[PDB]
file model06.pdb (PDB, N, CA and C atoms)
ATOM      1  N   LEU A 327      83.666 234.290-112.422  1.00  0.00           N
ATOM      2  CA  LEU A 327      84.880 233.544-112.284  1.00  0.00           C
ATOM      3  C   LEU A 327      84.651 232.132-112.761  1.00  0.00           C
ATOM      4  N   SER A 328      83.662 231.955-113.641  1.00  0.00           N
ATOM      5  CA  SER A 328      83.408 230.649-114.210  1.00  0.00           C
ATOM      6  C   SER A 328      83.497 230.787-115.705  1.00  0.00           C
ATOM      7  N   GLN A 329      83.324 232.010-116.170  1.00  0.00           N
ATOM      8  CA  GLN A 329      83.377 232.313-117.578  1.00  0.00           C
ATOM      9  C   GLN A 329      84.232 233.522-117.872  1.00  0.00           C
ATOM     10  N   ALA A 330      83.938 234.645-117.209  1.00  0.00           N
ATOM     11  CA  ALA A 330      84.629 235.864-117.592  1.00  0.00           C
ATOM     12  C   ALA A 330      86.089 235.726-117.327  1.00  0.00           C
ATOM     13  N   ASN A 331      86.435 235.177-116.182  1.00  0.00           N
ATOM     14  CA  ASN A 331      87.824 234.992-115.895  1.00  0.00           C
ATOM     15  C   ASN A 331      88.435 234.056-116.884  1.00  0.00           C
ATOM     16  N   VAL A 332      87.677 233.146-117.443  1.00  0.00           N
ATOM     17  CA  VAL A 332      88.320 232.232-118.328  1.00  0.00           C
ATOM     18  C   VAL A 332      88.767 232.952-119.565  1.00  0.00           C
ATOM     19  N   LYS A 333      87.880 233.748-120.142  1.00  0.00           N
ATOM     20  CA  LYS A 333      88.288 234.441-121.342  1.00  0.00           C
ATOM     21  C   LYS A 333      89.261 235.543-121.011  1.00  0.00           C
ATOM     22  N   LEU A 334      89.064 236.195-119.887  1.00  0.00           N
ATOM     23  CA  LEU A 334      89.928 237.272-119.497  1.00  0.00           C
ATOM     24  C   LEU A 334      91.318 236.797-119.216  1.00  0.00           C
ATOM     25  N   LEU A 335      91.459 235.635-118.600  1.00  0.00           N
ATOM     26  CA  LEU A 335      92.754 235.079-118.330  1.00  0.00           C
ATOM     27  C   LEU A 335      93.376 234.663-119.630  1.00  0.00           C
ATOM     28  N   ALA A 336      92.574 234.118-120.541  1.00  0.00           N
ATOM     29  CA  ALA A 336      93.135 233.724-121.805  1.00  0.00           C
ATOM     30  C   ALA A 336      93.648 234.921-122.555  1.00  0.00           C
ATOM     31  N   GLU A 337      92.885 236.003-122.526  1.00  0.00           N
ATOM     32  CA  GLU A 337      93.318 237.186-123.196  1.00  0.00           C
ATOM     33  C   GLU A 337      94.462 237.815-122.443  1.00  0.00           C
ATOM     34  N   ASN A 338      94.460 237.750-121.117  1.00  0.00           N
ATOM     35  CA  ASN A 338      95.557 238.279-120.342  1.00  0.00           C
ATOM     36  C   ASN A 338      96.831 237.644-120.787  1.00  0.00           C
ATOM     37  N   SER A 339      96.816 236.330-120.916  1.00  0.00           N
ATOM     38  CA  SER A 339      97.997 235.648-121.345  1.00  0.00           C
ATOM     39  C   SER A 339      98.388 236.123-122.721  1.00  0.00           C
ATOM     40  N   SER A 340      97.425 236.249-123.630  1.00  0.00           N
ATOM     41  CA  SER A 340      97.746 236.687-124.971  1.00  0.00           C
ATOM     42  C   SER A 340      98.384 238.054-124.965  1.00  0.00           C
ATOM     43  N   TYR A 341      97.844 238.961-124.167  1.00  0.00           N
ATOM     44  CA  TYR A 341      98.345 240.313-124.112  1.00  0.00           C
ATOM     45  C   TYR A 341      99.758 240.303-123.558  1.00  0.00           C
ATOM     46  N   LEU A 342      99.989 239.473-122.555  1.00  0.00           N
ATOM     47  CA  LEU A 342     101.297 239.369-121.975  1.00  0.00           C
ATOM     48  C   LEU A 342     102.273 238.807-122.965  1.00  0.00           C
ATOM     49  N   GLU A 343     101.842 237.840-123.759  1.00  0.00           N
ATOM     50  CA  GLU A 343     102.737 237.274-124.732  1.00  0.00           C
ATOM     51  C   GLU A 343     103.049 238.273-125.798  1.00  0.00           C
ATOM     52  N   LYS A 344     102.064 239.070-126.189  1.00  0.00           N
ATOM     53  CA  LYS A 344     102.347 240.059-127.185  1.00  0.00           C
ATOM     54  C   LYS A 344     103.344 241.024-126.640  1.00  0.00           C
ATOM     55  N   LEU A 345     103.190 241.388-125.374  1.00  0.00           N
ATOM     56  CA  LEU A 345     104.070 242.363-124.793  1.00  0.00           C
ATOM     57  C   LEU A 345     105.451 241.800-124.690  1.00  0.00           C
ATOM     58  N   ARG A 346     105.549 240.536-124.325  1.00  0.00           N
ATOM     59  CA  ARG A 346     106.832 239.920-124.232  1.00  0.00           C
ATOM     60  C   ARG A 346     107.519 239.965-125.568  1.00  0.00           C
ATOM     61  N   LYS A 347     106.808 239.587-126.626  1.00  0.00           N
ATOM     62  CA  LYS A 347     107.441 239.598-127.917  1.00  0.00           C
ATOM     63  C   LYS A 347     107.874 240.979-128.298  1.00  0.00           C
ATOM     64  N   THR A 348     107.043 241.981-128.032  1.00  0.00           N
ATOM     65  CA  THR A 348     107.418 243.308-128.437  1.00  0.00           C
ATOM     66  C   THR A 348     108.588 243.818-127.668  1.00  0.00           C
ATOM     67  N   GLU A 349     108.688 243.472-126.398  1.00  0.00           N
ATOM     68  CA  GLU A 349     109.811 243.976-125.658  1.00  0.00           C
ATOM     69  C   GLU A 349     111.071 243.322-126.168  1.00  0.00           C
ATOM     70  N   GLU A 350     111.009 242.038-126.476  1.00  0.00           N
ATOM     71  CA  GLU A 350     112.197 241.371-126.956  1.00  0.00           C
ATOM     72  C   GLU A 350     112.644 241.968-128.274  1.00  0.00           C
ATOM     73  N   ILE A 351     111.682 242.291-129.122  1.00  0.00           N
ATOM     74  CA  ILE A 351     111.983 242.869-130.406  1.00  0.00           C
ATOM     75  C   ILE A 351     112.627 244.205-130.167  1.00  0.00           C
ATOM     76  N   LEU A 352     112.059 244.962-129.245  1.00  0.00           N
ATOM     77  CA  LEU A 352     112.568 246.262-128.931  1.00  0.00           C
ATOM     78  C   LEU A 352     113.979 246.197-128.404  1.00  0.00           C
ATOM     79  N   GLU A 353     114.279 245.191-127.604  1.00  0.00           N
ATOM     80  CA  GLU A 353     115.619 245.048-127.091  1.00  0.00           C
ATOM     81  C   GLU A 353     116.577 244.795-128.239  1.00  0.00           C
ATOM     82  N   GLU A 354     116.167 243.975-129.196  1.00  0.00           N
ATOM     83  CA  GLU A 354     117.016 243.696-130.341  1.00  0.00           C
ATOM     84  C   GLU A 354     117.238 244.983-131.117  1.00  0.00           C
ATOM     85  N   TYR A 355     116.188 245.787-131.147  1.00  0.00           N
ATOM     86  CA  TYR A 355     116.148 247.051-131.828  1.00  0.00           C
ATOM     87  C   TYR A 355     116.996 248.127-131.188  1.00  0.00           C
ATOM     88  N   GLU A 356     117.729 247.810-130.120  1.00  0.00           N
ATOM     89  CA  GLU A 356     118.629 248.789-129.549  1.00  0.00           C
ATOM     90  C   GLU A 356     119.560 249.261-130.664  1.00  0.00           C
ATOM     91  N   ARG A 357     119.951 248.346-131.539  1.00  0.00           N
ATOM     92  CA  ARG A 357     120.745 248.716-132.685  1.00  0.00           C
ATOM     93  C   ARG A 357     119.807 249.030-133.872  1.00  0.00           C
ATOM     94  N   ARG A 358     118.983 250.093-133.679  1.00  0.00           N
ATOM     95  CA  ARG A 358     118.477 250.787-134.887  1.00  0.00           C
ATOM     96  C   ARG A 358     118.985 252.176-135.257  1.00  0.00           C
ATOM     97  N   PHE A 359     119.848 252.817-134.473  1.00  0.00           N
ATOM     98  CA  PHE A 359     120.289 254.122-134.960  1.00  0.00           C
ATOM     99  C   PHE A 359     121.762 254.364-134.715  1.00  0.00           C
ATOM    100  N   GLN A 360     122.122 254.652-133.468  1.00  0.00           N
ATOM    101  CA  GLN A 360     123.488 255.009-133.030  1.00  0.00           C
ATOM    102  C   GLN A 360     124.095 256.295-133.614  1.00  0.00           C
ATOM    103  N   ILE A 361     124.073 256.458-134.957  1.00  0.00           N
ATOM    104  CA  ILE A 361     124.622 257.576-135.728  1.00  0.00           C
ATOM    105  C   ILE A 361     123.674 257.888-136.863  1.00  0.00           C
TER     106      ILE A 361
ATOM    107  N   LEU B 327      87.484 237.731-103.591  1.00  0.00           N
ATOM    108  CA  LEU B 327      88.767 238.358-103.895  1.00  0.00           C
ATOM    109  C   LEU B 327      88.668 238.785-105.325  1.00  0.00           C
ATOM    110  N   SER B 328      87.774 239.762-105.583  1.00  0.00           N
ATOM    111  CA  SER B 328      87.343 240.202-106.919  1.00  0.00           C
ATOM    112  C   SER B 328      88.488 240.809-107.664  1.00  0.00           C
ATOM    113  N   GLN B 329      89.557 241.062-106.929  1.00  0.00           N
ATOM    114  CA  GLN B 329      90.824 241.461-107.486  1.00  0.00           C
ATOM    115  C   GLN B 329      91.491 240.260-108.217  1.00  0.00           C
ATOM    116  N   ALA B 330      90.613 239.301-108.424  1.00  0.00           N
ATOM    117  CA  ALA B 330      90.642 238.365-109.491  1.00  0.00           C
ATOM    118  C   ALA B 330      90.040 238.951-110.737  1.00  0.00           C
ATOM    119  N   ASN B 331      88.734 238.838-110.945  1.00  0.00           N
ATOM    120  CA  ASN B 331      88.190 239.282-112.212  1.00  0.00           C
ATOM    121  C   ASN B 331      88.329 240.765-112.537  1.00  0.00           C
ATOM    122  N   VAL B 332      88.351 241.650-111.553  1.00  0.00           N
ATOM    123  CA  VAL B 332      88.519 243.030-111.955  1.00  0.00           C
ATOM    124  C   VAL B 332      89.938 243.447-111.820  1.00  0.00           C
ATOM    125  N   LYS B 333      90.711 242.746-111.006  1.00  0.00           N
ATOM    126  CA  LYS B 333      92.116 243.106-111.021  1.00  0.00           C
ATOM    127  C   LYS B 333      92.599 242.730-112.373  1.00  0.00           C
ATOM    128  N   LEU B 334      92.123 241.582-112.838  1.00  0.00           N
ATOM    129  CA  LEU B 334      92.474 241.038-114.107  1.00  0.00           C
ATOM    130  C   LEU B 334      92.047 241.982-115.185  1.00  0.00           C
ATOM    131  N   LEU B 335      90.837 242.531-115.115  1.00  0.00           N
ATOM    132  CA  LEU B 335      90.487 243.510-116.112  1.00  0.00           C
ATOM    133  C   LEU B 335      91.400 244.713-116.068  1.00  0.00           C
ATOM    134  N   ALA B 336      91.677 245.220-114.876  1.00  0.00           N
ATOM    135  CA  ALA B 336      92.522 246.383-114.788  1.00  0.00           C
ATOM    136  C   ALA B 336      93.885 246.081-115.357  1.00  0.00           C
ATOM    137  N   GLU B 337      94.389 244.884-115.098  1.00  0.00           N
ATOM    138  CA  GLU B 337      95.658 244.498-115.631  1.00  0.00           C
ATOM    139  C   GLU B 337      95.577 244.371-117.112  1.00  0.00           C
ATOM    140  N   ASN B 338      94.489 243.829-117.636  1.00  0.00           N
ATOM    141  CA  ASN B 338      94.403 243.709-119.064  1.00  0.00           C
ATOM    142  C   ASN B 338      94.438 245.073-119.689  1.00  0.00           C
ATOM    143  N   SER B 339      93.771 246.044-119.080  1.00  0.00           N
ATOM    144  CA  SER B 339      93.816 247.373-119.630  1.00  0.00           C
ATOM    145  C   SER B 339      95.238 247.887-119.549  1.00  0.00           C
ATOM    146  N   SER B 340      95.903 247.660-118.413  1.00  0.00           N
ATOM    147  CA  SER B 340      97.259 248.128-118.214  1.00  0.00           C
ATOM    148  C   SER B 340      98.159 247.539-119.261  1.00  0.00           C
ATOM    149  N   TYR B 341      97.986 246.271-119.555  1.00  0.00           N
ATOM    150  CA  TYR B 341      98.827 245.677-120.546  1.00  0.00           C
ATOM    151  C   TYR B 341      98.455 246.168-121.931  1.00  0.00           C
ATOM    152  N   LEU B 342      97.176 246.428-122.227  1.00  0.00           N
ATOM    153  CA  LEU B 342      96.857 246.954-123.550  1.00  0.00           C
ATOM    154  C   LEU B 342      97.533 248.290-123.696  1.00  0.00           C
ATOM    155  N   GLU B 343      97.551 249.070-122.625  1.00  0.00           N
ATOM    156  CA  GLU B 343      98.215 250.342-122.687  1.00  0.00           C
ATOM    157  C   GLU B 343      99.682 250.115-122.953  1.00  0.00           C
ATOM    158  N   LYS B 344     100.279 249.142-122.266  1.00  0.00           N
ATOM    159  CA  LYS B 344     101.681 248.857-122.465  1.00  0.00           C
ATOM    160  C   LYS B 344     101.962 248.384-123.878  1.00  0.00           C
ATOM    161  N   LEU B 345     101.077 247.591-124.453  1.00  0.00           N
ATOM    162  CA  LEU B 345     101.287 247.120-125.809  1.00  0.00           C
ATOM    163  C   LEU B 345     101.271 248.292-126.746  1.00  0.00           C
ATOM    164  N   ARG B 346     100.388 249.232-126.471  1.00  0.00           N
ATOM    165  CA  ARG B 346     100.220 250.374-127.321  1.00  0.00           C
ATOM    166  C   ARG B 346     101.316 251.397-127.123  1.00  0.00           C
ATOM    167  N   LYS B 347     102.238 251.171-126.191  1.00  0.00           N
ATOM    168  CA  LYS B 347     103.332 252.090-126.055  1.00  0.00           C
ATOM    169  C   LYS B 347     104.357 251.520-126.963  1.00  0.00           C
ATOM    170  N   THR B 348     104.259 250.194-126.945  1.00  0.00           N
ATOM    171  CA  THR B 348     105.449 249.504-127.273  1.00  0.00           C
ATOM    172  C   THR B 348     105.374 249.375-128.750  1.00  0.00           C
ATOM    173  N   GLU B 349     104.154 249.283-129.269  1.00  0.00           N
ATOM    174  CA  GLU B 349     104.006 249.119-130.701  1.00  0.00           C
ATOM    175  C   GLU B 349     104.416 250.391-131.412  1.00  0.00           C
ATOM    176  N   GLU B 350     104.270 251.557-130.770  1.00  0.00           N
ATOM    177  CA  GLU B 350     104.670 252.770-131.438  1.00  0.00           C
ATOM    178  C   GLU B 350     106.143 252.879-131.286  1.00  0.00           C
ATOM    179  N   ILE B 351     106.619 252.361-130.182  1.00  0.00           N
ATOM    180  CA  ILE B 351     108.025 252.369-129.887  1.00  0.00           C
ATOM    181  C   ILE B 351     108.732 251.490-130.918  1.00  0.00           C
ATOM    182  N   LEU B 352     108.130 250.357-131.251  1.00  0.00           N
ATOM    183  CA  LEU B 352     108.693 249.523-132.278  1.00  0.00           C
ATOM    184  C   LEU B 352     108.516 250.167-133.646  1.00  0.00           C
ATOM    185  N   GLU B 353     107.392 250.806-133.930  1.00  0.00           N
ATOM    186  CA  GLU B 353     107.313 251.390-135.252  1.00  0.00           C
ATOM    187  C   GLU B 353     108.244 252.570-135.446  1.00  0.00           C
ATOM    188  N   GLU B 354     108.409 253.418-134.452  1.00  0.00           N
ATOM    189  CA  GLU B 354     109.266 254.541-134.704  1.00  0.00           C
ATOM    190  C   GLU B 354     110.648 253.999-134.785  1.00  0.00           C
ATOM    191  N   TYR B 355     111.534 254.952-135.039  1.00  0.00           N
ATOM    192  CA  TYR B 355     112.774 254.570-135.700  1.00  0.00           C
ATOM    193  C   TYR B 355     112.696 254.035-137.126  1.00  0.00           C
ATOM    194  N   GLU B 356     111.642 253.318-137.543  1.00  0.00           N
ATOM    195  CA  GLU B 356     111.688 252.677-138.851  1.00  0.00           C
ATOM    196  C   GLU B 356     111.802 253.680-139.976  1.00  0.00           C
ATOM    197  N   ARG B 357     111.187 254.842-139.783  1.00  0.00           N
ATOM    198  CA  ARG B 357     111.172 255.901-140.779  1.00  0.00           C
ATOM    199  C   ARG B 357     112.579 256.353-141.197  1.00  0.00           C
ATOM    200  N   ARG B 358     113.560 256.354-140.283  1.00  0.00           N
ATOM    201  CA  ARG B 358     114.899 256.766-140.700  1.00  0.00           C
ATOM    202  C   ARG B 358     115.795 255.523-140.715  1.00  0.00           C
ATOM    203  N   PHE B 359     115.462 254.533-139.904  1.00  0.00           N
ATOM    204  CA  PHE B 359     116.209 253.303-139.810  1.00  0.00           C
ATOM    205  C   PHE B 359     116.309 252.524-141.068  1.00  0.00           C
ATOM    206  N   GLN B 360     115.223 252.384-141.757  1.00  0.00           N
ATOM    207  CA  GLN B 360     115.262 251.520-142.896  1.00  0.00           C
ATOM    208  C   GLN B 360     116.337 251.861-143.964  1.00  0.00           C
ATOM    209  N   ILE B 361     116.675 253.170-144.240  1.00  0.00           N
ATOM    210  CA  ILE B 361     117.710 253.656-145.223  1.00  0.00           C
ATOM    211  C   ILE B 361     118.569 252.548-145.881  1.00  0.00           C
TER     212      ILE B 361
END

call {"tool": "encode", "arguments": {"input": "model06.pdb", "output": "structure tokens"}}
result
Amino acid sequence: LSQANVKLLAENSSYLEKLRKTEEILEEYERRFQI
Amino acid sequence: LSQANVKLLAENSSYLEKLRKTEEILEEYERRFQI
């Protein structure tokens, strides 16, 4: 918790941000088919 | 409260799994969507 958590938290944030972006993109993508 | 560093690891894995759902979710549709 002096090193591993530091990188892990940094990566956690990165992973969360990636997920956030993808979900937002996906929400926009609701209009990819319909018919 | 190791459910700091290992909770964090477990969460990171959980989020990587989530990213990997979502990235396929974002890629699909494109095959017929792009038309």

call {"tool": "calpha_fit_rmsd", "arguments": {"input": "model06.pdb", "fixed": "chain A", "moving": "chain B"}}
result
2.1 Å

call {"tool": "resolve_selection", "arguments": {"input": "model06.pdb", "expression": "the ChimeraX specification (/B@CA @<9) & /A@CA", "output": "JSON, numbers by chain"}}
result
{"A": [327, 330, 331, 334, 335, 337, 338, 341, 342, 344, 345, 348, 349, 351, 352, 355, 358, 359]}

call {"tool": "select_by_dssp", "arguments": {"input": "model06.pdb", "residues": "chain B", "states": "helix (DSSP H, G or I)", "output": "ChimeraX atom specification"}}
result
/B:331-353,356-359

call {"tool": "atom_distance", "arguments": {"input": "model06.pdb", "atom1": "atom C of residue A:333", "atom2": "atom C of residue B:343"}}
result
18.0 Å

call {"tool": "atom_distance", "arguments": {"input": "model06.pdb", "atom1": "atom N of residue B:357", "atom2": "atom N of residue A:350"}}
result
18.5 Å

call {"tool": "decode", "arguments": {"input": "model06.pdb", "residues": "chain B", "atoms": "N, CA and C atoms", "output": "mmCIF file, in the first residue's frame"}}
result
data_model
loop_
_atom_site.group_PDB
_atom_site.id
_atom_site.type_symbol
_atom_site.label_atom_id
_atom_site.label_comp_id
_atom_site.auth_asym_id
_atom_site.auth_seq_id
_atom_site.Cartn_x
_atom_site.Cartn_y
_atom_site.Cartn_z
ATOM 1 N N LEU B 327 -6.842 -3.803 6.213
ATOM 2 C CA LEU B 327 -8.066 -3.775 5.418
ATOM 3 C C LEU B 327 -7.624 -4.007 4.007
ATOM 4 N N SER B 328 -7.111 -5.227 3.748
ATOM 5 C CA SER B 328 -6.421 -5.625 2.511
ATOM 6 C C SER B 328 -7.362 -5.578 1.350
ATOM 7 N N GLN B 329 -8.637 -5.447 1.674
ATOM 8 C CA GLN B 329 -9.675 -5.188 0.709
ATOM 9 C C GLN B 329 -9.560 -3.731 0.175
ATOM 10 N N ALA B 330 -8.385 -3.221 0.478
ATOM 11 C CA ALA B 330 -7.694 -2.228 -0.265
ATOM 12 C C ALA B 330 -6.941 -2.840 -1.412
ATOM 13 N N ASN B 331 -5.699 -3.269 -1.222
ATOM 14 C CA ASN B 331 -4.939 -3.728 -2.365
ATOM 15 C C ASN B 331 -5.474 -4.951 -3.101
ATOM 16 N N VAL B 332 -6.161 -5.865 -2.435
ATOM 17 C CA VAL B 332 -6.657 -6.974 -3.222
ATOM 18 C C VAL B 332 -8.079 -6.759 -3.592
ATOM 19 N N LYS B 333 -8.785 -5.911 -2.860
ATOM 20 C CA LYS B 333 -10.121 -5.632 -3.350
ATOM 21 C C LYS B 333 -9.922 -4.907 -4.629
ATOM 22 N N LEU B 334 -8.934 -4.021 -4.623
ATOM 23 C CA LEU B 334 -8.590 -3.215 -5.746
ATOM 24 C C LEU B 334 -8.177 -4.096 -6.881
ATOM 25 N N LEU B 335 -7.354 -5.112 -6.636
ATOM 26 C CA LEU B 335 -7.048 -6.003 -7.726
ATOM 27 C C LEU B 335 -8.282 -6.695 -8.255
ATOM 28 N N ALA B 336 -9.128 -7.190 -7.363
ATOM 29 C CA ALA B 336 -10.305 -7.881 -7.822
ATOM 30 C C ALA B 336 -11.171 -6.953 -8.635
ATOM 31 N N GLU B 337 -11.269 -5.702 -8.210
ATOM 32 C CA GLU B 337 -12.035 -4.744 -8.943
ATOM 33 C C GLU B 337 -11.393 -4.465 -10.257
ATOM 34 N N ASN B 338 -10.073 -4.375 -10.302
ATOM 35 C CA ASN B 338 -9.448 -4.111 -11.567
ATOM 36 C C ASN B 338 -9.744 -5.232 -12.520
ATOM 37 N N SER B 339 -9.733 -6.467 -12.037
ATOM 38 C CA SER B 339 -10.053 -7.562 -12.915
ATOM 39 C C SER B 339 -11.494 -7.426 -13.361
ATOM 40 N N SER B 340 -12.391 -7.092 -12.429
ATOM 41 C CA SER B 340 -13.799 -6.958 -12.737
ATOM 42 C C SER B 340 -13.992 -5.907 -13.791
ATOM 43 N N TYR B 341 -13.284 -4.807 -13.676
ATOM 44 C CA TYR B 341 -13.444 -3.784 -14.659
ATOM 45 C C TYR B 341 -12.806 -4.195 -15.973
ATOM 46 N N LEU B 342 -11.690 -4.933 -15.970
ATOM 47 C CA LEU B 342 -11.132 -5.362 -17.248
ATOM 48 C C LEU B 342 -12.142 -6.248 -17.924
ATOM 49 N N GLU B 343 -12.818 -7.083 -17.148
ATOM 50 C CA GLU B 343 -13.825 -7.927 -17.726
ATOM 51 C C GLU B 343 -14.915 -7.063 -18.307
ATOM 52 N N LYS B 344 -15.326 -6.031 -17.572
ATOM 53 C CA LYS B 344 -16.364 -5.150 -18.058
ATOM 54 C C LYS B 344 -15.934 -4.417 -19.314
ATOM 55 N N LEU B 345 -14.681 -4.009 -19.394
ATOM 56 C CA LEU B 345 -14.210 -3.314 -20.578
ATOM 57 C C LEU B 345 -14.284 -4.244 -21.755
ATOM 58 N N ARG B 346 -13.956 -5.499 -21.514
ATOM 59 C CA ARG B 346 -13.918 -6.477 -22.561
ATOM 60 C C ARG B 346 -15.300 -6.950 -22.948
ATOM 61 N N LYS B 347 -16.347 -6.480 -22.275
ATOM 62 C CA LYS B 347 -17.669 -6.853 -22.691
ATOM 63 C C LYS B 347 -18.026 -5.783 -23.655
ATOM 64 N N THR B 348 -17.473 -4.642 -23.256
ATOM 65 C CA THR B 348 -18.136 -3.473 -23.696
ATOM 66 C C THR B 348 -17.499 -3.191 -25.007
ATOM 67 N N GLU B 349 -16.228 -3.560 -25.132
ATOM 68 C CA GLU B 349 -15.532 -3.283 -26.372
ATOM 69 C C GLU B 349 -16.089 -4.150 -27.482
ATOM 70 N N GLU B 350 -16.609 -5.341 -27.162
ATOM 71 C CA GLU B 350 -17.152 -6.166 -28.213
ATOM 72 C C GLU B 350 -18.516 -5.655 -28.499
ATOM 73 N N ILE B 351 -19.134 -5.137 -27.467
ATOM 74 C CA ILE B 351 -20.455 -4.584 -27.577
ATOM 75 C C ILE B 351 -20.383 -3.357 -28.485
ATOM 76 N N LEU B 352 -19.340 -2.556 -28.327
ATOM 77 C CA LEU B 352 -19.161 -1.431 -29.205
ATOM 78 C C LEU B 352 -18.752 -1.899 -30.595
ATOM 79 N N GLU B 353 -17.910 -2.911 -30.725
ATOM 80 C CA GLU B 353 -17.580 -3.290 -32.083
ATOM 81 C C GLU B 353 -18.738 -3.922 -32.830
ATOM 82 N N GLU B 354 -19.537 -4.743 -32.183
ATOM 83 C CA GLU B 354 -20.590 -5.348 -32.948
ATOM 84 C C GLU B 354 -21.560 -4.262 -33.252
ATOM 85 N N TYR B 355 -22.576 -4.701 -33.981
ATOM 86 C CA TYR B 355 -23.273 -3.741 -34.825
ATOM 87 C C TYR B 355 -22.507 -3.105 -35.979
ATOM 88 N N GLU B 356 -21.192 -2.857 -35.888
ATOM 89 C CA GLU B 356 -20.536 -2.088 -36.938
ATOM 90 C C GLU B 356 -20.594 -2.785 -38.278
ATOM 91 N N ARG B 357 -20.547 -4.112 -38.245
ATOM 92 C CA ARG B 357 -20.560 -4.932 -39.446
ATOM 93 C C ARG B 357 -21.787 -4.680 -40.333
ATOM 94 N N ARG B 358 -22.959 -4.384 -39.754
ATOM 95 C CA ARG B 358 -24.115 -4.125 -40.611
ATOM 96 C C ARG B 358 -24.437 -2.629 -40.534
ATOM 97 N N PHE B 359 -24.084 -1.995 -39.428
ATOM 98 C CA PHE B 359 -24.321 -0.589 -39.213
ATOM 99 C C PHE B 359 -23.680 0.320 -40.195
ATOM 100 N N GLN B 360 -22.448 0.075 -40.501
ATOM 101 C CA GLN B 360 -21.766 1.017 -41.334
ATOM 102 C C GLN B 360 -22.436 1.314 -42.703
ATOM 103 N N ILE B 361 -23.098 0.325 -43.401
ATOM 104 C CA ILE B 361 -23.816 0.465 -44.719
ATOM 105 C C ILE B 361 -23.926 1.911 -45.262
#
